[PDB]
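Novice: Coordinates only, no sequence provided:
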Ligand SMILES: *[C@@H](CC(=O)OCC)[C@H](C[C@@H]1CCNC1=O)NC(=O)[C@@H](CC(=O)[C@@H](NC(=O)c1cc(C)on1)C(C)C)Cc1ccc(F)cc1
Ligand SMILES: *[C@@H](CC(=O)OCC)[C@H](C[C@@H]1CCNC1=O)NC(=O)[C@@H](CC(=O)[C@@H](NC(=O)c1cc(C)on1)C(C)C)Cc1ccc(F)cc1
């Protein structure tokens, strides 16, 4: 069915090894992408509090911002600033500047149960609006793969671009929230 | 952590897309590797009967042979001949001819819940003998990855070599049965 490229697999591998951690909230375990310095991202439905477990180390959250567009609509991204010695590789230059469609993407998961899994998801479409668990959400990417709980937070990449994080699905399709350069560079 | 090469991921993807199906027995679902014609392999612990579900289509098993070496020891490979119109790409030339060690291997799964997932497992070592669920087993490959149930039948590959199928683990390590060219020729 779906296929990815060699450089695509190697690009995903480099992001996972250097820019992901296992995050655990009250709501469960999630893959977490670190973007730069001590700034990382996680789906809003994870309900981040004043503390979070990062690789099983409880870490103080210095700040969190649940992202909403100018229509005050959910984007399902929550940016968190972490009180933790280690800093992230700056990967902002891999973030897209515009909404777009993509071919042969890869979904990568980093949890305790699946500490290094890679899933080619195929063509990613700009789906736009989504009724996500009853919450209207915008800037959604869609792919036809039977995604599962525990893949939320998973990083979706193309060769050279980190395009989103997984946030939902219906049993036959997966949905990711867009990542955009403007969210982190202003 | 564990790492694989682009060519490694691309070879595994080609094997999965062309030479794997979802097999479901009374004992559960397993990844099933087709080797040539209508011949496929599955772990013996799947307890294959006279029928099997191949991609949710009940298929008549024409023959099955649970492999044991010349010491009459379990190998955990079962070769099945399937009553199935479509035939498999012959990939016998990718099978190793002898026991060996491998680097930066990949474990690939094709089940209903995880249809085509890829896991770098790192260095694969010829472990040899294993007491698998109380059954003495030979020709076992070992890799340090926390494998799980539902990854049994998963194909272990390196670029150009189909080296084994997953059959067990202990929570910190995974174990696969060797595949050898002599089994099919
Ligand atoms: C991962 C996160 C999770 O499980 O909950 C965290 C506490 C999970 C992944 C999906 C599960 C099933 N397959 C997946 O990929 N995410 C969720 O469960 C979100 C809610 C959903 O995905 C719902 N699906 C839909 O709403 C939907 C809409 C369409 C067109 O198709 N499906 C569930 C019914 C599966 C978690 C979430 C996010 C934002 C919210 F406002 C509420 C809930
Ligand atoms: C895959 C098949 C399956 O789950 O269905 C069979 C009921 C599963 C994979 C392992 C599960 C846990 N993690 C895995 O990778 N395979 C099994 O459960 C076999 C038995 C085992 O793996 C045991 N482990 C050991 O024996 C062992 C030995 C050493 C040195 O380290 N671990 C369980 C304790 C997990 C299934 C099997 C195969 C052949 C038999 F004769 C009996 C049982």
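Specialist: Now that the structure is in, tell me what you want to look at. Numbering: from 1, shown residues only, chains lettered A, B, ... in the order given. Ligands and ions are numbered 1, 2, ... in the order given.
Novice: Show the contacting residues for residue A:170.
Specialist: Residue A:170 makes no contacts at all, as judged by CB atoms under 8 Å, 6 or more residues apart in numbering or on different chains. Backbone N, C-alpha and C define where each C-beta goes, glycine included.
Novice: Spatially nearest residue to residue A:25, not counting backbone neighbours?
Specialist: residue A:46 (4.8 Å; CB to CB, 6 or more residues apart in numbering or on different chains).
Novice: Show the backbone phi and psi for that neighbour.
Specialist: Dihedral angles of residue A:46 (phi, psi; degrees, to the nearest 10) stand at phi -70, psi -10.
Novice: Which residue lies closest in space to residue A:22, excluding its sequence neighbours?
Specialist: Nearest one to residue A:22, counting by CB to CB, 6+ apart, is residue A:55 at 5.3 Å.
Novice: ditto for residue A:63
Specialist: Using CB to CB, 6+ apart, the closest residue to residue A:63 is residue A:81 (4.1 Å).
Novice: Tell me the spacing between that neighbour and residue B:113.
Specialist: Here the criterion is CB to CB, to the nearest Å. By it, residue A:81 lies 35 Å from residue B:113.
Novice: Nearest residue to the middle of chain A?
Specialist: With distances taken as CA atoms, centre = their mean, the residue of chain A nearest its centroid is residue A:165 (2.2 Å).
Novice: Doesn't that one lie inside a helix?
Specialist: No: Residue A:165: not assigned to a helix; according to DSSP: H, G, I helix; E, B strand; the rest coil it is strand.
Novice: rewinding a little: what sits against the residue nearest to residue A:63?
Specialist: For residue A:81, the contact set (CB under 8 Å, 6+ apart) comprises A:38-39, A:61-64.
Novice: Please list all residues in contact with the residue in chain A that ligand 2 sits nearest to.
Specialist: Closest contact between chain A and ligand 2, by CB to the nearest ligand atom, is at residue A:113 (11.2 Å). Applying CB under 8 Å, 6+ apart to residue A:113 gives the contacts A:29, A:150, B:146, B:148.
Novice: burial count for residue A:137?
Specialist: By the measure other CB atoms under 10 Å in any protein chain shown, the count of residues near residue A:137 is 24.
Novice: tell me what the strand or helix carrying it is packed against?
Specialist: Assigned by DSSP states H and E, residue A:137 belongs to strand A:135-143. For strand A:135-143, the elements it packs on are strand A:74-83, strand A:102-109, strand A:117-132, strand A:161-169, strand A:174-178, judged by 3 or more CB pairs under 8 Å, 6 or more residues apart in numbering or on different chains; DSSP states H and E.
Novice: and if we set it to 10 Å?
Specialist: With contacts defined as 3 or more CB pairs under 10 Å, 6 or more residues apart in numbering or on different chains; DSSP states H and E, strand A:135-143 has these neighbours: strand A:57-68, strand A:74-83, strand A:102-109, strand A:117-132, strand A:161-169, strand A:174-178.
Novice: Please verify my assumption that residue A:14 contacts residue A:8.
Specialist: No: Residue A:14 is beyond contact range of residue A:8, at 11.1 Å (criterion: CB atoms under 10 Å).
Novice: got the contact list for the residue nearest to the centre of chain A?
Specialist: A:30-33, A:41-43, A:76-77, A:107, A:141, A:151-156, A:176-179 (CB atoms under 10 Å, 6 or more residues apart in numbering or on different chains).
Novice: Check residue A:169 too.
Specialist: Residue A:169 makes contact with A:132, A:142-143, A:145-149, A:151-152, A:175-176 under the criterion CB under 10 Å, 6+ apart.
Novice: surely the residue nearest to residue A:25 meets residue A:61?
Specialist: No: the criterion here is CB under 10 Å, and residue A:46 misses it with residue A:61 at 11.4 Å.
Novice: Identify the contacts common to those two.
Specialist: Residues touching both residue A:46 and residue A:61 (CB under 10 Å, 6+ apart): A:52, A:78, A:80.
Novice: Identify, from the residues you listed, the entry nearest to chain B.
Specialist: Nearest to chain B among the shared contacts of residue A:46 and residue A:61 is residue A:52, at 21.7 Å by CB to the nearest CB.
Novice: Are we agreed that residue A:8 is in a helix?
Specialist: Yes: counting by three-state DSSP, residue A:8 is part of a helix.
Novice: so it touches residue A:121, yeah?
Specialist: No: counting by CB under 10 Å, residue A:8 does not reach residue A:121; the two are 11.1 Å apart.
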